[PDB]
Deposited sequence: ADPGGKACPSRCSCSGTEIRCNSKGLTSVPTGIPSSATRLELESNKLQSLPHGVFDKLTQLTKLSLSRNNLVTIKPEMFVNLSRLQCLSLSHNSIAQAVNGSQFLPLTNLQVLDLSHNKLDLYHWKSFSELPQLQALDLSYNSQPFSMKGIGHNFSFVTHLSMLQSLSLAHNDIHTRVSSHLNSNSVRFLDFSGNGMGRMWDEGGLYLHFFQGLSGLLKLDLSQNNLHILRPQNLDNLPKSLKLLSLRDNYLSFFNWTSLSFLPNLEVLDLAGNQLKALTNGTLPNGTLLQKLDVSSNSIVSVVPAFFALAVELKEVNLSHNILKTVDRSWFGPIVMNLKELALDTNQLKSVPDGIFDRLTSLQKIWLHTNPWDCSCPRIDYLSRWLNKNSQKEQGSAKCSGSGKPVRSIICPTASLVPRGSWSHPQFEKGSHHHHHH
């Protein structure tokens, strides 16, 4: 075992030691190596000569100057590599990773790489997961067709790459299942006529799409209609949507999870969840939701969890606390301005496992919270956190009305 290193099994860690070069005398039997948070600039010839057992390597958070194919000679057995946080400024065009013929996962996030060239990563036939996050400011290529030749690729991240103009109009693949497009400019792109109207459509069996933090202020229905029809998860978290056309969910026939948190919805209104939706989880926390229209949730028969947390909900109505919402597994209503709840409303919650009610100004005067006192007292195991009375800090579960 080398100086300045923690050796544990065949897993070896030399993190945050200010190293300017690789420690000599790493056991040749090593299968995992970490050289994170140092000051490495070079991988001199022969440096990994004896580490033929290595399948996982992280050079995360250093100062590598360039990627050369010959840096990876002897590292051909590698299945995972990280070169994240090295701010390498250079083009990637199919000649960088030549000898990494077994590599399945590659992390290139937090660099300055000019990545979008049609031949990029074609020297990596077996690549399954590729993280290109945080390469806004490439040191340029405009071309995304490289992803369509990686026939094993399941997971891709283009997140936070300032992607907004002059790029391929279509992404194409038969293998990617998860695309992270977080932090880009889809908002500007979808405003540009029909130029990007079919951008994600060619991602054939896509299952999850993250469009959070895309500066979306509106969502035209055609844009949803042109998402891949296999989509199960859509994330629109932390945009600026003030409105949402709920009947558009019919364009997404297999959707199970919709994340709308951190937007600016003023209510659950402008329609209801549409007939036939297979929606299971609806995260609509951290909006400015003041009210819910009657029967909004009704008729979404597969609905399993709704997060209404961190809003400004004034009341809970029978008109919208209707049979679907009674059949939830999880219901979050915490952090919300609720003073009371109608009697008997939580009585037929037969599938409920967790409910959140805290951080609400509950009125604990007696012939009013009696039902809720009682219910929270009976269902203690189901409450997450504790609803407290607005006057005294007493938990609602503790009030016994006469």
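Deposited residues absent from the coordinates (by C-alpha): Since the structure holds only modelled residues, the stretches it omits are 1-7, 147-150, 414-438.
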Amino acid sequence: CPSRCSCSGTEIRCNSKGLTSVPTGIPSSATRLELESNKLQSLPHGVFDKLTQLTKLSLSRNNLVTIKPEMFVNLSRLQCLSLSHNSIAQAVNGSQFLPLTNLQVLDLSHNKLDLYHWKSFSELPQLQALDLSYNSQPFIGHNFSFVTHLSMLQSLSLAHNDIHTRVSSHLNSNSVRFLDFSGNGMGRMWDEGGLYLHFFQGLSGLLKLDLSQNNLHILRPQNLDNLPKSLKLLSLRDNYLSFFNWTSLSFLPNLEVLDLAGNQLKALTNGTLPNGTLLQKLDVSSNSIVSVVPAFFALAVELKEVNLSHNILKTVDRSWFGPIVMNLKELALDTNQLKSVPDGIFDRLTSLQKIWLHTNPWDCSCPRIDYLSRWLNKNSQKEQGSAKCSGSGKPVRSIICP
From here on, numbers count along this sequence of modelled residues.
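214-222 set against 256-264, stretch whose average Cα temperature factor tops the other in the entry: Per the PDB entry, the higher value belongs to 214-222.
Stretch with the greater mean C-alpha B-factor as recorded in the entry, comparing 10-18 against 374-382: Taking the mean C-alpha B-factor of 10-18 and of 374-382, the larger value falls to 10-18.
Top Cα B factor in the deposited entry, candidates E70, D334, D363, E34: That would be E34, according to the entry.
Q96, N287, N327, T315, ranked by C-alpha B-factor: the highest one: Among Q96, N287, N327, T315, the PDB entry lists the largest C-alpha B-factor for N327.
Chain-relative CA temperature factor third for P323: Top third by C-alpha B-factor.
Ranked C-alpha temperature factor of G183 among modelled chain residues, by third: Its C-alpha B-factor, which the entry lists for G183, ranks in the lowest third among residues of this chain.
Entry-reported Cα temperature factor of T272, expressed as the chain third it lands in: Highest third, going by the recorded CA B-factors of the chain.
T247 CA temperature factor, ranked by third within the chain: Its C-alpha B-factor belongs to the highest third of this chain's values.
Chain thirds of CA B-factor: placement of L203: Its C-alpha B-factor, which the entry lists for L203, ranks in the lowest third among residues of this chain.
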